[PDB]
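Down below is the structure, laid out as structure tokens.
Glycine also receives a Cβ, built like all others from the backbone with ideal geometry; neighbour counts cover every protein chain displayed. Each answer follows from the model by the rule given with it, or from the source it names; no laboratory instrument gave them.
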Amino acid sequence: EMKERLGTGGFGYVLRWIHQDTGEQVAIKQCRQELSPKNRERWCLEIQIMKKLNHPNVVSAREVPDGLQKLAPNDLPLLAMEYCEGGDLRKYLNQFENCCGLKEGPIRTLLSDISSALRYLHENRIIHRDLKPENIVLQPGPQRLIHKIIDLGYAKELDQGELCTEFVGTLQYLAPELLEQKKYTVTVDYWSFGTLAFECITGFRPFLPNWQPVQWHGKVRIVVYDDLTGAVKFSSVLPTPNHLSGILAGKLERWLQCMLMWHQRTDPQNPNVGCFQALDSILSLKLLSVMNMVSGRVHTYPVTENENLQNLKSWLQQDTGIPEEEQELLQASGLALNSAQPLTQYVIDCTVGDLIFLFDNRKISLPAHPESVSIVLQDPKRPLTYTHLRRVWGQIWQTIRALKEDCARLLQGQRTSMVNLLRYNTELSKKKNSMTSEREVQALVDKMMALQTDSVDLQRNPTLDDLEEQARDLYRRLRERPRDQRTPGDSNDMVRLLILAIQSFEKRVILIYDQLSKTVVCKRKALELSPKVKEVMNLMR
Ligand SMILES: O=C(c1ccc(Nc2nccc(-c3ccc(Cl)cc3)n2)cc1)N1CCN(CCO)CC1
């Protein structure tokens, strides 16, 4: 005897037999009934097929674990596999705080894994009829966490036969191809995968709220967005309230917008390669990211090796904005960019960081904030705010979260320009205690312990985070609200939390400028008042 079950899918059950002694991880697919006769053959088509080949984005076989081996409620064999450790991709997709879907890069991991998974399969003629976030494992990985496609109970071999013919479990996703039960080619995996990614980013699709058979002609009645009543929507042209970049929302609105349809949909502009290098190009892309401290804010760049600071400058120029000779470009803390070295060096993409960029002037202080439309009137009204606030309510804080991540990304946007002082200050401070032992000793320790004064104020200093926790709770106290009692058309609490997040993004903001400007005049007319004390407080001998 050995341990517990795992779940349903395909022609039967999956089992977790944690070995009696050695402690291996064994997972068995077994047949449900006797379910004869050609399915009795086709199950043995499958088993041989799942053994045939392997690669680290889909599981491999295991053979026979002789703790009992074949106990069985059948006169029919079994298939055994490796059990792995991070669960289903859904179990993760399910996380309370992973609301609003992903704002990730593990998305990246995901796509580029499942892609290389799927490719394999079609290169090997194995159209995996479906694809479930339920059939995918976020496997723990030492280098970078791994994805492994599973559950091959439903595939077309093309050359030897089919696998099942059932829609067992939860249909929910999948293409017309099988929904209409019509004739089909590979095109379907693109659907599943695409609609997988759509979820991987948003948490939804166009769409799943309205069940399925049943939405079968919410088939944009078609490449477009769609309608509501209060607030429902079934769209693929532009996703809503979730970050990833400003140019992977590129990808989406082009990658998804291609492979999310029926019968030959591939990117109409190009006889390229679909599931393939179409994705990986728009994936592998080397990303630069300038933060303009004029709070013209974020920029973003597709940079090679044949492009160094020289090239980077010209871009910052023609954006938002301003010419080249007022351009301080600080790599995190300290160093500028050095210099005729390709930008291919300062990107760094996911394992366990940013170009901030500054100006030469007096100081101006701009707020101006990110937002989503399906949040606009959500505060100025309690508008029959129905059962589903697992859209709005979550979104509330994910818009508040975005603000945190912004002040945060201006704390390290500004207090990354005061290390430009601390170094410059002391380098040009105590060089005047080795070359100041020597009469006009007036403007030596006077403009030294006064524009050290306007330097000591800022180097140790402390609402909004005290507010993230109040969001952290409520917009969780909904899933943690039982199946009953929920429904009353009620908004209320969220409103203030947003405005108080705004009432911080109007104090945290300008009073980072009373750190900024007090290090832009205390860097110029502090370290430019040195050349007339450097080698003017020298010639007296
Ligand atoms: O936490 C998981 C989970 C975590 C990971 C997975 N994915 C996973 N990984 C390694 C081997 C396998 C596996 C190994 C062999 C086979 Cl034949 C089928 C699946 N699946 C699937 C589920 N849960 C939560 C508890 N559930 C309820 C109790 O089973 C099951 C799903």
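Residue-level check: of (1) among the small types (G, A, S); (2) surrounded by fewer than 19 Cβ atoms within 10 Å (Cβ to Cβ); (3) within 16 Å of the ligand (Cβ to nearest atom), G161 misses just (3). Of all residues in region 149-156, none satisfies being outside any helix (DSSP H, G or I), more than 16 Å from the ligand (Cβ to nearest atom) and under 26 Å from the mean Cα position of the chain (by Cα).
Restricting attention to region 360-381, the residues being loosely packed, with under 14 Cβ neighbours inside 10 Å and either in a helix (DSSP H, G or I) or of a type in the set (G, A, S) (or both) number 4.
Exactly one residue among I47, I114, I107 is more than 22 Å from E199 (Cβ to Cβ) and in the same structural domain as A27 (by CATH), and that residue is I47. Kindly establish whether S235 is touching a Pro at 6+ places or on another chain (Cβ under 6 Å), surrounded by fewer than 19 Cβ atoms within 10 Å (Cβ to Cβ) and either over 30 Å from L403 (Cβ atoms) or among the small types (G, A, S) (or both). So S235 fits the description; yes.
Identify, please: which residue in region 60-76 is surrounded by fewer than 15 Cβ atoms within 10 Å (Cβ to Cβ) and of a type in the set (D, E, K, R) and is, among those, farthest from the ligand (Cβ to nearest atom)? So, considering only residues that are surrounded by fewer than 15 Cβ atoms within 10 Å (Cβ to Cβ) and of a type in the set (D, E, K, R), the one farthest from the ligand (Cβ to nearest atom) is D75. Selection of region 119-145 for residues being of a type in the set (V, I, T) and touching a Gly at 6+ places or on another chain (Cβ under 8 Å) yields only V137. Restricting region 164-191 to residues that are closer than 28 Å to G87 by Cβ and not hydrophobic (A, V, I, L, M, F, W, C), the residue that is surrounded by the fewest Cβ atoms within 10 Å (Cβ to Cβ) is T170. For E325, the conditions (1) part of a helix (DSSP H, G or I); (2) touching a helix residue (DSSP H, G or I) at 6+ places or on another chain (Cβ under 8 Å); (3) over 30 Å from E199 (Cα atoms); (4) not hydroxyl-bearing (S, T, Y) all hold with the exception of (2). Filtering region 260-281 to residues that are in a helix (DSSP H, G or I) and either in the same structural domain as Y301 (by CATH) or loosely packed, with under 15 Cβ neighbours inside 10 Å (or both) leaves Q277, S281.
Scanning region 5-31 for residues that are assigned to a loop (DSSP other than H, G, I, E, B) and either under 26 Å from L171 (Cβ atoms) or more than 16 Å from the ligand (Cβ to nearest atom) (or both) gives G10, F11, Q20, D21, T22. Only one of the listed residues (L384, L389, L444) is under 23 Å from the mean Cα position of the chain (by Cα), farther than 30 Å from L309 by Cβ, part of a loop (DSSP other than H, G, I, E, B) and hydrophobic (A, V, I, L, M, F, W, C). That residue is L389. Looking across region 129-148, just one residue is of a type in the set (A, V, I, L, M), closer than 16 Å to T170 by Cα and within 13 Å of the ligand (Cβ to nearest atom), and that is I136. Within region 436-463, the set of residues being exposed (fewer than 13 other Cβ atoms within 10 Å of the Cβ) and over 30 Å from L500 (Cβ atoms) comprises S437, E438, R439, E440, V441, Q442, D446, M449, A450, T453, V456. Against the conditions (1) within 16 Å of the ligand (Cβ to nearest atom); (2) touching a helix residue (DSSP H, G or I) at 6+ places or on another chain (Cβ under 7 Å); (3) part of a loop (DSSP other than H, G, I, E, B), where does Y173 fall short? Just the number, please. The failed condition is (1). Is it true that some residue in region 386-396 is over 30 Å from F505 (Cβ atoms) and among the aromatic types (F, W, Y)? Looking through region 386-396, none of the residues is over 30 Å from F505 (Cβ atoms) and among the aromatic types (F, W, Y). If the condition is being more than 27 Å from the chain's Cα centre (by Cα) and either more than 16 Å from the ligand (Cβ to nearest atom) or small (G, A, S) (or both), then region 77-128 contributes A80, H122, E123, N124, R125, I126, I127.
On inspection, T185 qualifies as touching a strand residue (DSSP E or B) at 6+ places or on another chain (Cβ under 9 Å) and among the hydroxyl-bearing types (S, T, Y).
Looking only at residues of region 32-59 that are outside any loop (DSSP other than H, G, I, E, B) and within 13 Å of the ligand (Cβ to nearest atom), we find that the one that is surrounded by the fewest Cβ atoms within 10 Å (Cβ to Cβ) is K51. Apart from one condition, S314 fits all of (1) more than 22 Å from the chain's Cα centre (by Cα); (2) small (G, A, S); (3) assigned to a loop (DSSP other than H, G, I, E, B); the exception is (3). Exactly one residue among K532, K507, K523 is surrounded by 19 or more Cβ atoms within 10 Å (Cβ to Cβ) and among the basic types (K, R), and that residue is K523.
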